[PDB]
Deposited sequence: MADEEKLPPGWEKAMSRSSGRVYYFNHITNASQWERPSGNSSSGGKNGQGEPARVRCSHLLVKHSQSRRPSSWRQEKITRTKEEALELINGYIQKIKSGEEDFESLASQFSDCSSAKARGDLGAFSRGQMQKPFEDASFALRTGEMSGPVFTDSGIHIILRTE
């Protein structure tokens, strides 16, 4: 019926159907459009206290909670989706990953290289598409597939 990971859902606040992807955590009102050996993605990472390494170039000791990190991710998504900000601008300013310095770009990668929730989300994204919050042992990610 729908592209990999995508399902129909029901809006509580509007009663209108929407689309949810249980691999990427994306959600949108519009029906999704229409697998490669490699994808290329950028990401914005927000780390927290349970991160595999609770440290980043932004913060020597990262002390926020999983919940606080998810709310930040939720605010970044709202700003990207509203057009108030662009993904790679926010990655450069606020990503807790060292790829912040390359506007969140991680380069191309195959299956078997990244942490799997990330790998799965990345490969279920089409070029140009963004994920919702993706949880890994590094923290919470927003993922943009670029190639």
Not represented among the modelled residues are deposited positions 1-5, 40-50
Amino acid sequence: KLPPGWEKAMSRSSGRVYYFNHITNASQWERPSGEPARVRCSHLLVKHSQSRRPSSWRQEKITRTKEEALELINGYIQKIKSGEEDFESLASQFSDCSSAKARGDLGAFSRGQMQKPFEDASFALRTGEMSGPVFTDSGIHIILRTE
From here on, numbers count along this sequence of modelled residues.
I need to verify one thing: averaged over C-alpha atoms only, is the B-factor higher for 90-98 or for 55-63? 55-63
Averaging only over Cα atoms, indicate whether 109-117 or 79-87 has the higher B-factor in the PDB entry. 109-117
Going by the CA temperature factor in the entry, name the top one among 122, 49, 42, 28. 49
B-factor third for the C-alpha atom of residue 131 within its chain: lowest
Ranking every modelled residue in this chain by its Cα temperature factor as given in the entry, which third contains residue 70? lowest
